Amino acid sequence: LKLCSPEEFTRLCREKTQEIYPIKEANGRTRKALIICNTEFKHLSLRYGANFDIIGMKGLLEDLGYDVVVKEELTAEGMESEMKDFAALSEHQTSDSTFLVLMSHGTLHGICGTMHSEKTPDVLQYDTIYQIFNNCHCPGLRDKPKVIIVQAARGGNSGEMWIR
């Protein structure tokens, strides 16, 4: 990870104060990030390589200054519970931002829990994520960037085609 110099950090935070998100100095800073990953499923295929993604995202977020919370093998209600728990951490108040990384099987409208199937739907709506972390339900992250990374397909169709 290439670093930004303290001089450029100070220059930008002074020159364009109203158009950048304010950054807290690292001394009392308590950045938290969340990784939710489902690898094994009751009805769906095993997600080989998911642990490679966890390790890669975990290390990048730590290099960026975040203490990373990792939760695995959760149903849709388990993901909701864990996100609400994470949204309520008091360390967000002494943070300036968060990353929320979600890795699982996906559908058009949500991320799959471990128990998902067509006959037994187990899905966390992407819309629910915003409700859990918005200014009404997550006071510690009010006015701070909430970055959602979604590692999941959004359907079953191929994304390329032949043209002439």
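The first residue of the shown sequence is 1; numbering continues from there.
- Of the two segments, 61 to 69 and 22 to 30, the one listed with the higher mean B-factor is 22 to 30 (C-alpha atoms only).
- Higher average CA B factor: 115 to 123, of the stretches 48 to 56 and 115 to 123.
- The PDB entry assigns its highest CA temperature factor, among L141, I149, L12, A152, to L12.
- Sort the modelled residues of the chain by CA B factor and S81 lands in the middle third.
- The PDB entry assigns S158 a C-alpha temperature factor belonging to the lowest third of its chain's modelled residues.
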